[PDB]
Amino acid sequence: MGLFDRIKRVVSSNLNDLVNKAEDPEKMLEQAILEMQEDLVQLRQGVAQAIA
Amino acid sequence: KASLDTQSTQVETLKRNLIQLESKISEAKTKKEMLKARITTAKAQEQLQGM
Amino acid sequence: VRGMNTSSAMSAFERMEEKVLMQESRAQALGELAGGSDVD
């Protein structure tokens with residue numbers, strides 16, 4: 004197809020594989036859980052306003 | 003006095019209309035909070051599906 | 111008077127009053143959400 008599209012696909016496919024090597028399961032699992040809980044906290048407040 | 007009577011009727015109708023408008027604005031002010039509740043429901047459900 | 115907004119001072123006063131009442135209501139709802147016959 005295009006050419007610029009192809010170049011940027013190559014650059015992206017390189018950066019992504021660079022990042023995916025840094026991810027470590029034992030830590031990213033905990034980070035995901037932490038953000039999960041943060042979002043739940045921020046939803047509680049909406050429910051509270053509904054009740055009020 | 004003939005005209006004073008009609009003037010009185012007009013003032014009564016105007017007072018009634020003003021009260022009605024106040025009531026409707028209050029209703030809208032409640033609907034606003036109900037809509038915020040709906041926004042929160044939408045975001046909570048979207049959170050659940052992402053799981 | 112409570113229900114009319116001819117004066118800016120009252121406008122601001124009532125606005126803050128409602129804001130604070132809403133804050134207290136939020137606290138009470140959060141209390142409920144997460145959770146006298148005997149002494150008579």
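In order, the protein sequence lines correspond to chains A, B and C.
Going by the working numbering, the first residue of the first sequence is number 4, and it counts up by one from there.
Going by the working numbering, the first residue of the second sequence is number 3, and it counts up by one from there.
Going by the working numbering, the first residue of the third sequence is number 111, and it counts up by one from there.
Each residue gets a CB set at the ideal place from its N, CA and C atoms; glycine is no exception.
Where residue 35 of chain A falls, given that 16 or more other Cβ within 10 Å makes a residue buried: Here residue 35 of chain A refers to the residue found at position 32 when the first sequence is read from its first residue. That one is exposed.
Contact check, residue 53 of chain A vs residue 39 of chain B, beta carbons under 7 Å: Position 50 of the first sequence, counting from 1, holds the residue named residue 53 of chain A. Position 37 of the second sequence, counting from 1, holds the residue named residue 39 of chain B. Yes, they are a contact pair.
7 Å Cβ cut-off: residues of chain A touching residue 49 of chain B: For the purposes of this step, residue 49 of chain B is taken as residue 47 along the second sequence, with counting starting at 1. Correct list: 42, 46.
Test item: CB-CB of residue 144 of chain C and residue 51 of chain A under 7 Å: Here the question's residue 144 of chain C lines up with position 34 in the third sequence. Here the question's residue 51 of chain A lines up with position 48 in the first sequence. Going by beta carbons, residue 144 of chain C and residue 51 of chain A fall outside the 7 Å limit.
Presumed contact (8 Å Cβ cut-off) between residue 42 of chain A and residue 22 of chain B, rounded CB distance: Residue mapping note: residue 42 of chain A aligns to position 39 of the first sequence, counting from 1. Residue mapping note: residue 22 of chain B aligns to position 20 of the second sequence, counting from 1. Residue 42 of chain A to residue 22 of chain B, Cβ: 44 Å. No contact.
Simplified DSSP assignment, three categories, for residue 115 of chain C: Against the third sequence, residue 115 of chain C aligns to sequence position 5. Residue state, collapsed to three classes: coil.
Cross-chain neighbours of residue 55 of chain A in chain C, by beta carbon under 8 Å: Along the first sequence, read from residue 1 onward, the residue named residue 55 of chain A stands at position 52. In chain order, 132, 135, 136, 138, 139 make up the part of chain C whose C-beta sits under 8 Å from the C-beta of residue 55 of chain A.
Cutoff 7 Å: residue 35 of chain A Cβ touching any chain C Cβ: For the purposes of this step, residue 35 of chain A is taken as the residue at position 32 of the first sequence. So no, residue 35 of chain A is outside the interface.
Residue-chain proximity (residue 42 of chain B, chain A), Cβ-Cβ < 7 Å: Counting from 1 along the second sequence, the entry for residue 42 of chain B is found at position 40. For residue 42 of chain B, the answer is yes, since a Cβ of chain A falls inside 7 Å of its Cβ.
Terminal residues of the alpha helix (DSSP H) in which residue 27 of chain A lies: Residue numbering aside, residue 27 of chain A sits at position 24 when the first sequence is read from its first letter. First-last for residue 27 of chain A: undefined, no H or E at that position.
Rounded straight-line distance, which links the Cα of residue 44 of chain A to that of residue 142 of chain C: As a working mapping, residue 142 of chain C is identified with position 32 in the third sequence. As a working mapping, residue 44 of chain A is identified with position 41 in the first sequence. Residue 142 of chain C and residue 44 of chain A have their C-alpha atoms roughly 16 Å apart.
Pairwise C-alpha distance: residue 123 of chain C and residue 33 of chain B: By 1-based counting over the second sequence, the position of residue 33 of chain B is 31. By 1-based counting over the third sequence, the position of residue 123 of chain C is 13. Distance between the alpha carbons of residue 33 of chain B and residue 123 of chain C is about 24 Å.
Cα-Cα separation, residue 27 of chain A to residue 7 of chain A: On the first sequence, position 24 is the one that residue 27 of chain A refers to. On the first sequence, position 4 is the one that residue 7 of chain A refers to. In a straight line, the C-alpha of residue 27 of chain A is about 33 Å away from that of residue 7 of chain A.
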